[PDB]
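Protein chains in written order, with the UniProt record's numbering: chain A, 26 to 235; chain B, 45 to 362; chain C, 785 to 833.
C-beta atoms are modelled at their ideal positions from N, C-alpha and C, and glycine is treated no differently.
Some notes on the structure that comes next.
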Amino acid sequence: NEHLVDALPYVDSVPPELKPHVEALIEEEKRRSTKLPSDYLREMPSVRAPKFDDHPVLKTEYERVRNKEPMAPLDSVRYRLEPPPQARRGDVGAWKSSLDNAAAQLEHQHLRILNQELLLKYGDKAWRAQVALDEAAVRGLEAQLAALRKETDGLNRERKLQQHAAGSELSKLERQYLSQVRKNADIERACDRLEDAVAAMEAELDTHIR
Amino acid sequence: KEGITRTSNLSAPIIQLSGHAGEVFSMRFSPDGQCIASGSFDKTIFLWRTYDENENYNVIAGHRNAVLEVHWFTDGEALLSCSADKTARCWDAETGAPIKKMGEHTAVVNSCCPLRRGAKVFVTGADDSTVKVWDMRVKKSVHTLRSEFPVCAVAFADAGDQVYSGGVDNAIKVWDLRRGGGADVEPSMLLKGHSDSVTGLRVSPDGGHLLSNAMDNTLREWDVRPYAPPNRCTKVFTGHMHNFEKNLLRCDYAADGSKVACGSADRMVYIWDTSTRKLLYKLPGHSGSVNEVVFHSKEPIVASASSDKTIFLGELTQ
Amino acid sequence: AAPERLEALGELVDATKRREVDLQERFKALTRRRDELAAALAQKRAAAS
């Protein structure tokens, strides 16, 4: 929960060979870190179980799906539309089952051909419109991207300007600190003159007793 | 329209102060920054407000010749006027009465500077080559040093024990007044590097730096720190002008030490950035040589005085 | 971040220039007594002869 622990990155370029040095320092930082988890998700919020305790439906759905063992495709063998086999031929209730499947697939294909004829008769401009709408979503999305890119770039530029307005003042403050250092060395030679002046005074008392 | 970041409270960013009837030789802002003391060639001092009317609410008279230099006293209610009529005068500002008129000099009292920390004491250097120190409550002059060449510009140091005087003699001198209680003291420091006369002297807001305008058309910046390199010369400015007028063209530091303004003879108000030693503002608008420029105590306001009987009073934008 | 370091380097430069002010004042009083000592030497020799 640190506040803006930052050194400006557009001013303060990280050197080439300082990547290995700063890397080793961060590594030893890690070595004796206080509570080294690398599973620190414990403090992260609890990522909860998939909430369908009121639909067994999705319950069993997930219990299988994580194992990825797929559902079989739907009833392909019945789809081949076959009448009762050898051990099912003689019994007529099996031919009732055959009535079910044969009649069902008959009207299957009938309303199928109806839908296909209905679109190839009608659907053309409907597909025209929906592909137009897919292109509309396309271009609107890239427009959002250009916008976000633009605003973010402007913010970044502002940040760079702010960085420049600071790094110059920081640099000059530090160089005048170095001049303050040489000024201190000046006052060091002043302390030299302190010693020299006292040594000079070490003659007046001499003459005074003389 | 144009909405460029009004700095000050002035009604406009450029205000011309008129009402004088002669050259305006020196000006000064009140320490509390809401008064103007303008001293003209017409031997008169206009007192202007810096805000809300710019009203010249008083014209103080009493000098018989051009009032060459004006400062305010540290509290702002007493004024020190220096003239060509050989007479320096202490006035009360609110009132319109003169307090103490000392006329000990023999010739035109060109330059003066009142001390900013300590007692009510001001230096005055005149044409007699003598720089004299003047304490308020005694009626005699407290000190009198004698150069050989007429004194053009004088200033009293920040700390209050030395006096800077520069003139026609190609070298500005720093003298020590407590070191001298005698009548022919010899100079303490010889700042050389100007190639002819010095015209204006300003003490830096920290007191380590002295500004000298020279008819060497050069502004020079020296350091007065008693522990300096062999050459105390730090900075050089080019850009302003001095001509045959040989007016008393002065110096000023912005109240922050960030800018330096010079009056020039090419009618231009020059304002350099001290650090880069280069020209920030080159303001036109004056019809006569610009005599002295003063930076407003609080805001970045610059006010200039010219030999054209007016005073421009405005703020800096950048 | 920027202004806190500008004043976090500004005030520090201020503090050791406060140092610098004290320090050159020390130089002031130093060369002062230095010249006093030179004058004392001058007069003691001028008295001795």
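Classification of residue i by the beta-carbon crowding that lies within 10 angstroms, buried from 16 upward
i: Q206/B; result: buried
i: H253/B; result: buried
i: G244/B; result: buried
i: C126/B; result: buried
i: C216/A; result: exposed
i: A222/A; result: buried
i: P158/B; result: buried
i: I138/A; result: exposed
i: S248/B; result: buried
i: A832/C; result: exposed
i: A132/B; result: buried
i: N275/B; result: exposed
i: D171/B; result: buried
i: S351/B; result: buried
i: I80/B; result: buried
i: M69/A; result: exposed
i: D86/B; result: buried
i: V242/B; result: buried
i: residue 742/C; result: As shown, chain C starts at 785 and ends at 833. That puts residue 742/C outside it, with no answer to give.
i: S155/B; result: buried
Interface partners of residue i on chain A, CB under 8 Å
i: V797/C; result: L198, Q201, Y202 and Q205
i: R802/C; result: Correct list: empty, because the minimum Cβ distance to chain A is about 10 Å.
i: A824/C; result: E229
Minimum C-alpha distance to residue i - residue among the options
i: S348/B; options: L357/B, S341/B, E99/B and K342/B; result: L357/B
i: residue 9/B; options: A305/B, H330/B and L360/B; result: This structure leaves residue 9/B out entirely; chain B is present only between 45 and 362.
i: residue 24/B; options: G210/B, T320/B and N53/B; result: The question about residue 24/B has no answer here: the residues shown for chain B are numbered 45 through 362.
i: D296/B; options: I345/B, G162/B and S62/B; result: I345/B
i: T318/B; options: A299/B, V334/B and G332/B; result: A299/B
i: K236/B; options: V218/B, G251/B, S351/B and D172/B; result: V218/B
i: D37/A; options: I212/A, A224/A, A191/A and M226/A; result: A191/A
i: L263/B; options: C277/B, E113/B and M71/B; result: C277/B
i: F90/B; options: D202/B, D96/B and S82/B; result: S82/B
i: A163/B; options: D172/B, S70/B, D310/B and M180/B; result: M180/B
i: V198/B; options: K183/B, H187/B and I216/B; result: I216/B
i: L54/B; options: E97/B, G225/B, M312/B and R246/B; result: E97/B
i: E359/B; options: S52/B, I48/B and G140/B; result: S52/B
i: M312/B; options: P274/B, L124/B, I355/B and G47/B; result: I355/B
i: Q187/A; options: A168/A, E86/A and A32/A; result: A32/A
i: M233/B; options: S241/B, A227/B and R223/B; result: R223/B
i: residue 311/A; options: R174/A, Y87/A and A162/A; result: There is no way to answer for residue 311/A, as the model of chain A reaches only from 26 to 235.
i: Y325/B; options: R246/B, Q362/B and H286/B; result: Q362/B
i: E107/A; options: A97/A, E94/A, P98/A and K121/A; result: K121/A
i: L123/B; options: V186/B, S70/B and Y95/B; result: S70/B
i: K184/B; options: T94/B, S173/B, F193/B and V165/B; result: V165/B
i: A785/C; options: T232/A, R218/A and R184/A; result: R184/A
i: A227/B; options: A203/B, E46/B and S191/B; result: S191/B
i: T320/B; options: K197/A, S204/A, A225/A and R218/A; result: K197/A
Per-residue contacts from residue i into chain B (C-beta, under 7 Å)
i: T815/C; result: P270
i: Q808/C; result: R269, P270 and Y271
Neighbouring residues, chain C, relative to residue i (Cβ below 8 Å)
i: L33/A; result: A785 and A786
i: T59/A; result: Chain C residues near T59/A: none, gap ~25 Å exceeds 8 Å.
i: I212/A; result: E804, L807, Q808, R810 and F811
Whether residue i touches residue j by CB criterion (9 Å)
i: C134/B; j: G169/B; result: no
i: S239/B; j: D213/B; result: no
i: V103/B; j: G63/B; result: yes
i: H149/B; j: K130/B; result: yes
i: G283/B; j: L327/B; result: no
i: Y314/B; j: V280/B; result: no
i: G329/B; j: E67/B; result: no
i: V177/B; j: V167/B; result: yes
i: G307/B; j: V334/B; result: yes
i: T188/B; j: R161/B; result: no
i: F811/C; j: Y208/B; result: no
i: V797/C; j: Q205/A; result: yes
i: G120/B; j: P75/B; result: yes
Chain C contact residues for residue i, given Cβ-Cβ distances below 9 Å
i: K185/A; result: Result: empty, since nearest Cβ-Cβ is about 12 Å, beyond 9 Å.
Listed by chain order, chain C residues near residue i by CB distance under 7 Å
i: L219/A; result: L814
i: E194/A; result: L790
i: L29/A; result: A785
i: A154/A; result: The premise fails here: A154/A is roughly 53 Å from chain C at the closest Cβ pair, so nothing lies under 7 Å.
i: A222/A; result: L814, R817, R818 and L821
i: residue 245/A; result: Not covered by the structure: residue 245/A. The range shown for chain A is 26 to 235.
i: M226/A; result: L821
Point to revise | Three or more C-beta pairs below 8 Å linking the region 801–808 of chain C and the region 206–214 of chain A | key: yes
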